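Student: I have a structure here, written as structure tokens, and I will follow up with some questions on it.
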Amino acid sequence: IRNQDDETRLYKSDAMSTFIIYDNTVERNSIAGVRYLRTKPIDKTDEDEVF
Amino acid sequence: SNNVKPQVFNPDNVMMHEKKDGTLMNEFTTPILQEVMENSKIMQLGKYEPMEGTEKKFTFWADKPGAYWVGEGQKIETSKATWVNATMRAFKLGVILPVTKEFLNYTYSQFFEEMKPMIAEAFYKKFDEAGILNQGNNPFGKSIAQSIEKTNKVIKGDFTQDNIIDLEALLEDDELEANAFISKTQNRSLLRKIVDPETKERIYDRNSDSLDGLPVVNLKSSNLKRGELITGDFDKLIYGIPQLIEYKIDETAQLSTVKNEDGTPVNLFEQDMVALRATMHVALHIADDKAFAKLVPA
Amino acid sequence: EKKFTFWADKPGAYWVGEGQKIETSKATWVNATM
Amino acid sequence: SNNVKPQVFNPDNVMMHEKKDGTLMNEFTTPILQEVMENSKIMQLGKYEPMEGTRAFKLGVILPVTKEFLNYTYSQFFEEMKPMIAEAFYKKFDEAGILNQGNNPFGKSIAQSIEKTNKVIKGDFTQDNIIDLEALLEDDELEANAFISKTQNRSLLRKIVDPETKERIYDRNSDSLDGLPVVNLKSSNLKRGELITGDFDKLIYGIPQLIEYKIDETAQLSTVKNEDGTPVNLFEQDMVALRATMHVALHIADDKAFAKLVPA
């Protein structure tokens with residue numbers, strides 16, 4: 001990602017929350033990637049299931 | 001059945017998005033809390049005690065050995081030490097708030113977060129009124145009012161420098177010194193208008209809320225009458241909290257205490273409801289029944 | 001015109017024996033207007 | 001429970017690995033969807049309305065399953081069944097909004113709009129009757145947008161030809177009549193000889209809550225009684241259930257925008 005301070009940064013993305021959708025052709029270009037994360041307070045009040 | 005009218009409950013404790021006349025409570029402006037949240041006066045005045053289990057044991061010296069003059073070469077008489085034990089146990093406070101899913105999505109998304117304060121406040125007040133006044137189905141076989149009742153350590157009469165001095169003296173008659181006063185805010189009017197005729201200085205600080213130099217604490221309870229005043233050596237009042245206020249929200253269980261219109265128990269899953277449970281463990285102990293005295297209107 | 005809503009009832013609380021059924025209680029609000 | 005013969009339930013809605021006759025569906029091959037999944041027609045025709053809160057109503061169902069069925073007979077059951085619930089909701093909403101059937105909660109429906117405005121044509125399917133049906137809309141400056149039909153009447157539509165151009169008014173491949181698309185209703189309430197049309201942009205709907213699925217293993221199902229009459233406890237009887245809920249809202253902006261053709 002190109003950072004806010006205008007620098008090229010590289011960050012690892014966890015396997016349990018990331019995947020890629022590839023073009024169906026034999027070349028299998030990557031069409032789109034997704035990341036999704038559970039967002040929660042630590043007090044664990046109620047619905048943990050928001051992503 | 002396809003009966004679409006909203007469910008009536010008994011008691012009417014369940015929160016709902018739809019009034020039974022068919023109004024839906026959209027655009028609901030959340031209430032704003034006016035009043036200040038009250039602290040526990042027992043937690044303010046008393047002594048805490050770390051308590052891991054539901055019970056606690058205390059042991060104290062009671063008897064100390066004598067001493068004898070003995071003639072040269074006489075037999076030295078023996079003597080003896082002695083101790084005594086005391087104990088205290090905890091009790092559990094709790095309450096449940098039931099809420100319909102539809103309310104909790106379309107009327108008051110934050111509702112449970114704005115309840116946590118009011119629940120804590122209700123618990124504190126329940127505890128204060130139990131331990132201090134022996135009111136509200138006191139679970140403990142212990143309380144200030146009950147120690148006062150067993151000692152009959154009560155003064156009769158009006159708020160006066162005379163009676164207030166006598167009230168404090170009633171403690172050192174047992175070699176204890178008063179440490180604070182508990183009063184009803186309604187009566188600082190009376191305390192504000194008593195003055196010493198000799199030194200011509202007032203016994204009550206209207207500015208600092210100090211009575212005869214000791215700090216005054218106000219009860220919000222309606223059980224403590226205007227004309228009544230309590231004092232004691234509050235270092236002798238011990239309280240413990242094995243378990244702070246726990247909150248758990250449940251989407252699945254049954255609430256038997258609330259019934260459907262047809263009399264069936266409320267099932268949260270099958271009805272699409274949500275409910276909040278709050279519980280707390282609290283323990284109270286009077287270390288010396290003589291350490292408290294009360295002034296009462298004649 | 002102005003409109004206000006205030007909390008009007010505080011939820012009760014109960015002493016509960018070991019494993020006794022905990023009872024329910026409700027909050028309430030009132031509306032005012034100017 | 002302690003009953004060693006399979007549990008009789010009332011109503012008999014619980015899925016079971018062992019039939020009443022004791023047959024066991026071990027090594028059971030996965031079913032296949034021999035019919036295509038149906039889709040909501042008022043969600044296809046009508047105009048979507050961005051909404052929160054509001055008038056909506058809640059659809060819902062609970063599917064109880066014995067965990068022996070869920071372990072031995074068909075492990076993926078719940079995942080294969082979510083499409084089938086969504087279909088059931090779509091059919092329920094369509095049937096309520098279009099035909100005013102199935103104890104619809106709204107006071108609004110196309111069938112009621114038509115019955116109120118009496119915008120009905122008595123007659124057989126003919127080019128003149130199709131034109132008259134459309135003219136009942138254009139009389140009030142509204143132009144037909146689509147047709148709703150029982151698929152079983154294409155046999156009648158193929159028999160109509162324009163006597164000027166000498167060609168079929170109904171394109172059986174496009175499934176469009178007089179250039180307008182025809183949507184098919186599988187429900188049993190729309191009879192063979194009945195055809196409905198309108199400017200469906202005048203029919204408005206909203207969805208405050210999309211289908212919500214929860215799977216639970218510890219509720220009580222008061223609506224299902226054991227043979228002895230005691231309610232089913234999911235945990236105690238080692239049983240599982242899936243709850244689905246949805247909110248839908250329906251509004252008709254102009255009840256003269258719909259007309260109906262019916263056999264004489």
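Each chain in the structure tokens gets a letter, A, B and so on, in the order shown; residues start at 1 in every chain, and ligands are counted from 1 in the order they appear.
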If we count only C-alpha atoms and set the cut-off at 12 Å, which residues sit around residue 65 (chain D), ignoring sequence neighbours fewer than 5 positions away in its own chain? Please answer as a PyMOL selection string.
Tutor: chain D and resi 9+12-17+70-71+73-78+81+215-217+221+232+234-235+237-243
Student: Do you know which residues are at most 7 Å from residue 128 (chain B) counting only C-alpha atoms, after dropping those on the same chain fewer than 3 positions away, and could you put them as a list in words?
Tutor: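 The contact residues come out as residues 40, 41, 42, 124, 125, 131 and 132 of chain B.
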Student: Output the selection as a PDB file, in the first residue's frame - C-alpha atoms for each residue.
Tutor:
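Saved result, out24.pdb, follows:
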```
ATOM      1  CA  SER B  40     -22.504   2.983  47.569  1.00  0.00           C
ATOM      2  CA  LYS B  41     -22.266   4.689  50.946  1.00  0.00           C
ATOM      3  CA  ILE B  42     -21.143   1.420  52.526  1.00  0.00           C
ATOM      4  CA  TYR B 124     -25.386  -0.099  45.226  1.00  0.00           C
ATOM      5  CA  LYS B 125     -28.603   1.342  46.631  1.00  0.00           C
ATOM      6  CA  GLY B 131     -26.528  -3.145  55.373  1.00  0.00           C
ATOM      7  CA  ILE B 132     -27.205   0.274  56.903  1.00  0.00           C
TER       8      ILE B 132
END
```
Student: I need the contact residues of chain D against chain B, so if you could list those with any atom within 9 Å, counting only C-alpha atoms, and return them as a PDB file with C-alpha atoms, in the first residue's frame, that would help.
Tutor:
```pdb
ATOM      1  CA  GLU D  52     -35.276   2.096   7.579  1.00  0.00           C
ATOM      2  CA  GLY D  53     -38.061   1.118   9.980  1.00  0.00           C
ATOM      3  CA  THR D  54     -41.006   2.262   7.845  1.00  0.00           C
ATOM      4  CA  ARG D  55     -44.783  -0.460   7.105  1.00  0.00           C
ATOM      5  CA  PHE D  57     -43.762  -7.224   8.712  1.00  0.00           C
ATOM      6  CA  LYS D  58     -41.599 -10.165   9.745  1.00  0.00           C
ATOM      7  CA  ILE D  62     -37.687 -22.720  12.288  1.00  0.00           C
ATOM      8  CA  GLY D 102     -51.889 -16.448   2.699  1.00  0.00           C
ATOM      9  CA  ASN D 103     -53.221 -14.186   5.464  1.00  0.00           C
ATOM     10  CA  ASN D 104     -51.320 -11.191   4.136  1.00  0.00           C
ATOM     11  CA  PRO D 105     -50.686  -8.673   6.943  1.00  0.00           C
ATOM     12  CA  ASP D 216     -29.112 -23.117  17.814  1.00  0.00           C
ATOM     13  CA  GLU D 217     -28.673 -26.221  19.950  1.00  0.00           C
ATOM     14  CA  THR D 218     -30.131 -25.220  23.344  1.00  0.00           C
ATOM     15  CA  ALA D 219     -33.475 -23.454  22.783  1.00  0.00           C
ATOM     16  CA  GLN D 220     -36.887 -24.866  23.634  1.00  0.00           C
ATOM     17  CA  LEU D 221     -39.466 -25.299  20.853  1.00  0.00           C
ATOM     18  CA  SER D 222     -42.785 -24.678  22.606  1.00  0.00           C
ATOM     19  CA  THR D 223     -44.505 -25.022  19.203  1.00  0.00           C
ATOM     20  CA  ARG D 243     -34.176 -20.040  12.659  1.00  0.00           C
ATOM     21  CA  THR D 245     -36.246 -14.304   9.798  1.00  0.00           C
TER      22      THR D 245
END
```
Student: Pick from B:92, B:20, B:188, B:64: nearest to residue 283 (chain B), with only C-alpha atoms counted?
Tutor: B:92
Student: Which residues are close to region 211-213 of chain D, i.e. within 10 Å by only C-alpha atoms, leaving aside same-chain residues fewer than 6 positions away? Reply as an MDAnalysis selection string.
Tutor: chainID D and resid 59:62 82 85:86 89 242:248
Student: Could you save those same residues with C-alpha atoms as a compact mmCIF listing (two decimals), in the first residue's frame?
Tutor:
```
# COMPACT_ATOMS: atom_id res chain seq x y z
CA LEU D 59 -41.43 -13.52 7.96
CA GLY D 60 -39.89 -16.46 9.80
CA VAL D 61 -39.47 -20.21 10.04
CA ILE D 62 -37.69 -22.72 12.29
CA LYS D 82 -30.83 -21.92 3.02
CA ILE D 85 -36.00 -21.16 2.87
CA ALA D 86 -35.26 -18.05 0.84
CA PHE D 89 -40.11 -16.47 1.81
CA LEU D 242 -32.24 -23.31 12.34
CA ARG D 243 -34.18 -20.04 12.66
CA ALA D 244 -34.63 -17.75 9.67
CA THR D 245 -36.25 -14.30 9.80
CA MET D 246 -36.81 -11.50 7.31
CA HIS D 247 -38.57 -8.14 7.14
CA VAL D 248 -40.51 -6.97 4.10
```
Student: Work out how far apart CA of residue 12 (chain C) and CA of residue 95 (chain B) are and give it in Å to one decimal.
Tutor: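 Atom-to-atom, CA of residue 12 (chain C) to CA of residue 95 (chain B), that is 7.3 Å.
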Student: Skipping near chain neighbours, those fewer than 5 positions away, what residues fall within 12 Å of residue 23 (chain A) using only C-alpha atoms, listed as a list in words?
Tutor: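 The neighbour list is residues 28, 29, 30, 31, 32 and 33 of chain A.
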Student: Could you write out as number ranges by chain the residues of chain C within 8 Å of chain B, counting only C-alpha atoms?
Tutor: C: 4-7, 10-18, 21-26, 29
Student: Excluding same-chain residues fewer than 4 positions from residue 194 (chain D), what lies within 10 Å of it counting only C-alpha atoms, as a PyMOL selection string?
Tutor: chain D and resi 121-125+148-150+153+190+260-263
Student: Let's have the selection written as a PDB file, in the first residue's frame, with N, CA and C atoms.
Tutor:
```pdb
ATOM      1  N   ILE D 121     -61.510  -7.456 -17.017  1.00  0.00           N
ATOM      2  CA  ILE D 121     -62.045  -7.837 -18.324  1.00  0.00           C
ATOM      3  C   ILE D 121     -62.529  -9.282 -18.274  1.00  0.00           C
ATOM      4  N   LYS D 122     -63.821  -9.482 -18.527  1.00  0.00           N
ATOM      5  CA  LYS D 122     -64.379 -10.819 -18.700  1.00  0.00           C
ATOM      6  C   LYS D 122     -64.162 -11.262 -20.146  1.00  0.00           C
ATOM      7  N   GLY D 123     -63.473 -12.377 -20.358  1.00  0.00           N
ATOM      8  CA  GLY D 123     -63.316 -12.864 -21.716  1.00  0.00           C
ATOM      9  C   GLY D 123     -62.200 -13.872 -21.865  1.00  0.00           C
ATOM     10  N   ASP D 124     -62.232 -14.548 -23.013  1.00  0.00           N
ATOM     11  CA  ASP D 124     -61.192 -15.460 -23.467  1.00  0.00           C
ATOM     12  C   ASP D 124     -59.980 -14.676 -23.970  1.00  0.00           C
ATOM     13  N   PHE D 125     -58.860 -15.374 -24.137  1.00  0.00           N
ATOM     14  CA  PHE D 125     -57.660 -14.729 -24.656  1.00  0.00           C
ATOM     15  C   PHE D 125     -57.824 -14.504 -26.156  1.00  0.00           C
ATOM     16  N   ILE D 148     -48.207 -10.726 -15.789  1.00  0.00           N
ATOM     17  CA  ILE D 148     -48.068 -11.812 -14.828  1.00  0.00           C
ATOM     18  C   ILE D 148     -49.025 -12.904 -15.270  1.00  0.00           C
ATOM     19  N   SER D 149     -48.517 -14.126 -15.428  1.00  0.00           N
ATOM     20  CA  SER D 149     -49.375 -15.184 -15.935  1.00  0.00           C
ATOM     21  C   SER D 149     -49.050 -16.540 -15.329  1.00  0.00           C
ATOM     22  N   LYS D 150     -50.074 -17.388 -15.323  1.00  0.00           N
ATOM     23  CA  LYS D 150     -49.926 -18.797 -14.997  1.00  0.00           C
ATOM     24  C   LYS D 150     -49.260 -19.472 -16.192  1.00  0.00           C
ATOM     25  N   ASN D 153     -50.928 -21.360 -19.356  1.00  0.00           N
ATOM     26  CA  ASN D 153     -51.765 -20.801 -20.418  1.00  0.00           C
ATOM     27  C   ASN D 153     -50.998 -20.392 -21.681  1.00  0.00           C
ATOM     28  N   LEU D 190     -53.431 -18.417  -8.745  1.00  0.00           N
ATOM     29  CA  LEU D 190     -53.723 -17.786 -10.030  1.00  0.00           C
ATOM     30  C   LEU D 190     -54.194 -18.860 -11.011  1.00  0.00           C
ATOM     31  N   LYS D 260     -56.881  -6.698 -14.739  1.00  0.00           N
ATOM     32  CA  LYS D 260     -56.939  -8.155 -14.722  1.00  0.00           C
ATOM     33  C   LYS D 260     -57.876  -8.679 -15.798  1.00  0.00           C
ATOM     34  N   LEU D 261     -57.458  -9.749 -16.470  1.00  0.00           N
ATOM     35  CA  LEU D 261     -58.262 -10.479 -17.442  1.00  0.00           C
ATOM     36  C   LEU D 261     -58.637 -11.823 -16.834  1.00  0.00           C
ATOM     37  N   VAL D 262     -59.904 -12.206 -16.970  1.00  0.00           N
ATOM     38  CA  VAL D 262     -60.417 -13.411 -16.312  1.00  0.00           C
ATOM     39  C   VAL D 262     -61.435 -14.078 -17.220  1.00  0.00           C
ATOM     40  N   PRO D 263     -61.529 -15.410 -17.159  1.00  0.00           N
ATOM     41  CA  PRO D 263     -62.498 -16.106 -18.015  1.00  0.00           C
ATOM     42  C   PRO D 263     -63.934 -15.717 -17.700  1.00  0.00           C
TER      43      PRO D 263
END
```
Student: Which chain B residues are at most 9 Å from chain A (counting only C-alpha atoms), as a PyMOL selection string?
Tutor: chain B and resi 112-113+247-250
Student: Residues of region 45-127 of chain B classed as alpha helix (DSSP H) by DSSP on the backbone are to be reported as a PyMOL selection string.
Tutor: chain B and resi 45+101-106+111-127
Student: Limited to N, CA and C atoms, could you put the picked residues into a file as a compact mmCIF listing (two decimals), in the first residue's frame?
Tutor:
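See selection-v2.txt below for the written result:
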```
# COMPACT_ATOMS: atom_id res chain seq x y z
N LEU B 45 -17.89 4.55 53.36
CA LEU B 45 -17.52 4.62 54.77
C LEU B 45 -16.77 3.39 55.27
N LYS B 101 -35.95 -8.33 19.76
CA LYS B 101 -34.96 -8.08 18.71
C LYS B 101 -35.31 -6.83 17.91
N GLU B 102 -36.58 -6.69 17.56
CA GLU B 102 -36.99 -5.61 16.67
C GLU B 102 -36.81 -4.26 17.34
N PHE B 103 -37.13 -4.16 18.63
CA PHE B 103 -36.82 -2.95 19.39
C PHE B 103 -35.33 -2.66 19.36
N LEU B 104 -34.52 -3.68 19.65
CA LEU B 104 -33.08 -3.49 19.78
C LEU B 104 -32.40 -3.22 18.45
N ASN B 105 -33.13 -3.32 17.34
CA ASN B 105 -32.60 -2.91 16.04
C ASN B 105 -33.18 -1.61 15.51
N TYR B 106 -34.45 -1.31 15.76
CA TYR B 106 -35.12 -0.19 15.11
C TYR B 106 -35.60 0.89 16.05
N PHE B 111 -29.41 0.32 23.70
CA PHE B 111 -30.15 0.27 24.97
C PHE B 111 -29.40 -0.41 26.11
N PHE B 112 -28.78 -1.57 25.88
CA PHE B 112 -28.11 -2.24 27.00
C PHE B 112 -26.92 -1.45 27.55
N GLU B 113 -26.19 -0.71 26.71
CA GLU B 113 -25.07 0.08 27.23
C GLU B 113 -25.53 1.18 28.17
N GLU B 114 -26.66 1.81 27.89
CA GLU B 114 -27.17 2.84 28.78
C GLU B 114 -27.90 2.27 29.99
N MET B 115 -28.09 0.95 30.06
CA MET B 115 -28.60 0.31 31.26
C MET B 115 -27.53 -0.04 32.29
N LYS B 116 -26.35 -0.47 31.86
CA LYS B 116 -25.29 -0.83 32.81
C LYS B 116 -25.12 0.17 33.95
N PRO B 117 -25.02 1.48 33.71
CA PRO B 117 -24.97 2.43 34.84
C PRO B 117 -26.16 2.30 35.78
N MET B 118 -27.38 2.35 35.24
CA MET B 118 -28.55 2.34 36.10
C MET B 118 -28.66 1.05 36.89
N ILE B 119 -28.17 -0.07 36.34
CA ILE B 119 -28.16 -1.32 37.09
C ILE B 119 -27.14 -1.24 38.22
N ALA B 120 -25.94 -0.75 37.94
CA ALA B 120 -24.95 -0.63 39.00
C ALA B 120 -25.51 0.21 40.14
N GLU B 121 -26.11 1.34 39.79
CA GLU B 121 -26.67 2.25 40.78
C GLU B 121 -27.75 1.57 41.61
N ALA B 122 -28.63 0.80 40.96
CA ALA B 122 -29.66 0.07 41.69
C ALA B 122 -29.07 -0.97 42.63
N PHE B 123 -27.99 -1.64 42.22
CA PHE B 123 -27.33 -2.59 43.11
C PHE B 123 -26.74 -1.90 44.33
N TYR B 124 -25.92 -0.88 44.11
CA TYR B 124 -25.39 -0.10 45.23
C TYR B 124 -26.47 0.34 46.20
N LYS B 125 -27.57 0.90 45.70
CA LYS B 125 -28.60 1.34 46.63
C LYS B 125 -29.22 0.16 47.38
N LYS B 126 -29.46 -0.96 46.70
CA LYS B 126 -29.97 -2.13 47.39
C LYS B 126 -29.03 -2.56 48.51
N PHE B 127 -27.73 -2.50 48.26
CA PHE B 127 -26.74 -2.91 49.25
C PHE B 127 -26.71 -1.95 50.42
```
Student: Between CA of residue 39 (chain D) and CA of residue 92 (chain D), measure the distance and give it in Å to one decimal.
Tutor: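 Atom-to-atom, CA of residue 39 (chain D) and CA of residue 92 (chain D) are spaced 11.0 Å apart.
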Student: Would you please give, as a ChimeraX atom specification, all residues of region 50-211 of chain D that DSSP assigns to strand (DSSP E) based on the backbone?
Tutor: /D:56-66,120-122,146-150,161-162,167-168,170-171,176-177,180-185,195-198,203-206
Student: Those same residues - N, CA and C atoms - I'd like them written as a compact mmCIF listing (two decimals), in the first residue's frame.
Tutor:
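Output below, filename selection_28.txt:
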```txt
# COMPACT_ATOMS: atom_id res chain seq x y z
N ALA D 56 -43.44 -2.43 7.60
CA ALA D 56 -42.91 -3.77 7.37
C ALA D 56 -43.62 -4.82 8.23
N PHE D 57 -43.33 -6.08 7.92
CA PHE D 57 -43.76 -7.22 8.71
C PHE D 57 -42.68 -8.29 8.63
N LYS D 58 -42.65 -9.17 9.62
CA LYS D 58 -41.60 -10.16 9.75
C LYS D 58 -42.08 -11.53 9.27
N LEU D 59 -41.32 -12.13 8.37
CA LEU D 59 -41.43 -13.52 7.96
C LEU D 59 -40.45 -14.35 8.78
N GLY D 60 -40.79 -15.61 9.02
CA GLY D 60 -39.89 -16.46 9.80
C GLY D 60 -40.26 -17.92 9.72
N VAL D 61 -39.25 -18.76 9.95
CA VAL D 61 -39.47 -20.21 10.04
C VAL D 61 -38.36 -20.82 10.89
N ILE D 62 -38.67 -21.94 11.53
CA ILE D 62 -37.69 -22.72 12.29
C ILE D 62 -37.71 -24.17 11.83
N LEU D 63 -36.55 -24.68 11.40
CA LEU D 63 -36.40 -26.04 10.90
C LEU D 63 -35.67 -26.92 11.91
N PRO D 64 -36.37 -27.79 12.64
CA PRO D 64 -35.70 -28.69 13.60
C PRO D 64 -35.20 -29.96 12.94
N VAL D 65 -34.03 -30.42 13.37
CA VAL D 65 -33.33 -31.57 12.80
C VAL D 65 -32.76 -32.43 13.91
N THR D 66 -32.95 -33.74 13.80
CA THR D 66 -32.32 -34.66 14.74
C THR D 66 -30.84 -34.78 14.41
N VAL D 120 -61.43 -5.02 -14.43
CA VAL D 120 -61.42 -6.43 -14.82
C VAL D 120 -62.11 -6.61 -16.17
N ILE D 121 -61.51 -7.46 -17.02
CA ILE D 121 -62.04 -7.84 -18.32
C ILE D 121 -62.53 -9.28 -18.27
N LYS D 122 -63.82 -9.48 -18.53
CA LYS D 122 -64.38 -10.82 -18.70
C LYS D 122 -64.16 -11.26 -20.15
N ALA D 146 -45.49 -4.88 -17.76
CA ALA D 146 -45.21 -6.31 -17.84
C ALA D 146 -46.51 -7.07 -17.61
N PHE D 147 -46.47 -8.38 -17.85
CA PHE D 147 -47.60 -9.25 -17.60
C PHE D 147 -47.23 -10.32 -16.59
N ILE D 148 -48.21 -10.73 -15.79
CA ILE D 148 -48.07 -11.81 -14.83
C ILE D 148 -49.02 -12.90 -15.27
N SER D 149 -48.52 -14.13 -15.43
CA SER D 149 -49.37 -15.18 -15.93
C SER D 149 -49.05 -16.54 -15.33
N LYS D 150 -50.07 -17.39 -15.32
CA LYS D 150 -49.93 -18.80 -15.00
C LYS D 150 -49.26 -19.47 -16.19
N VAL D 161 -53.04 -14.77 -33.40
CA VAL D 161 -52.24 -14.16 -34.46
C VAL D 161 -52.88 -12.84 -34.88
N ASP D 162 -52.04 -11.85 -35.15
CA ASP D 162 -52.48 -10.54 -35.62
C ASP D 162 -53.06 -10.64 -37.03
N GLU D 167 -49.22 -12.71 -38.06
CA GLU D 167 -48.17 -13.36 -37.29
C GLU D 167 -48.58 -13.49 -35.82
N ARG D 168 -47.87 -14.38 -35.12
CA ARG D 168 -48.15 -14.66 -33.71
C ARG D 168 -47.90 -13.41 -32.87
N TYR D 170 -47.69 -13.57 -29.76
CA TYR D 170 -46.94 -14.08 -28.61
C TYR D 170 -45.67 -14.76 -29.09
N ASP D 171 -44.52 -14.25 -28.66
CA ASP D 171 -43.23 -14.85 -28.99
C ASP D 171 -42.96 -15.90 -27.92
N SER D 176 -42.71 -13.20 -24.34
CA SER D 176 -43.14 -11.81 -24.29
C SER D 176 -44.40 -11.69 -25.13
N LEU D 177 -45.39 -10.97 -24.60
CA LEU D 177 -46.66 -10.80 -25.28
C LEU D 177 -46.79 -9.35 -25.74
N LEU D 180 -44.26 -7.04 -24.57
CA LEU D 180 -44.04 -6.87 -23.14
C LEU D 180 -43.64 -8.19 -22.48
N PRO D 181 -42.69 -8.17 -21.54
CA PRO D 181 -42.27 -9.42 -20.90
C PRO D 181 -43.35 -9.99 -19.98
N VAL D 182 -43.52 -11.31 -20.05
CA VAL D 182 -44.45 -12.05 -19.21
C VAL D 182 -43.65 -12.83 -18.17
N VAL D 183 -43.95 -12.60 -16.89
CA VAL D 183 -43.37 -13.36 -15.79
C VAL D 183 -44.37 -14.42 -15.36
N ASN D 184 -43.87 -15.58 -14.97
CA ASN D 184 -44.70 -16.74 -14.64
C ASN D 184 -44.79 -16.94 -13.13
N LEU D 185 -46.00 -17.19 -12.64
CA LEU D 185 -46.22 -17.51 -11.23
C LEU D 185 -46.53 -18.99 -11.05
N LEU D 195 -54.99 -13.49 -16.35
CA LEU D 195 -53.78 -12.77 -16.73
C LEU D 195 -53.82 -11.40 -16.06
N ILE D 196 -52.69 -10.94 -15.54
CA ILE D 196 -52.65 -9.67 -14.82
C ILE D 196 -51.59 -8.77 -15.44
N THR D 197 -51.87 -7.46 -15.45
CA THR D 197 -50.92 -6.51 -16.01
C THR D 197 -51.04 -5.17 -15.29
N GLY D 198 -49.97 -4.39 -15.34
CA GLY D 198 -49.98 -3.07 -14.73
C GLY D 198 -48.65 -2.37 -14.96
N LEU D 203 -45.79 -0.05 -7.99
CA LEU D 203 -45.76 -0.98 -6.86
C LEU D 203 -44.39 -0.86 -6.21
N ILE D 204 -44.38 -0.53 -4.92
CA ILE D 204 -43.15 -0.21 -4.21
C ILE D 204 -42.98 -1.18 -3.05
N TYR D 205 -41.74 -1.59 -2.81
CA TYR D 205 -41.43 -2.51 -1.72
C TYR D 205 -40.11 -2.11 -1.07
N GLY D 206 -39.90 -2.62 0.14
CA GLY D 206 -38.68 -2.38 0.88
C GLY D 206 -38.32 -3.57 1.73
```
Student: Leaving out residue 176 (chain B) and any residue of its chain fewer than 6 positions from it, which residues lie within 9 Å of it when counting only C-alpha atoms, given as a PyMOL selection string?
Tutor: chain B and resi 169-170+232-233+290-291
Student: At a cut-off of 12 Å, using only C-alpha atoms, what residues contact residue 158 (chain B)? Leave out same-chain residues fewer than 5 positions from it and give the result as an MDAnalysis selection string.
Tutor: chainID B and resid 163:164 166:167 187 190:191 193:194 226:229 295:298
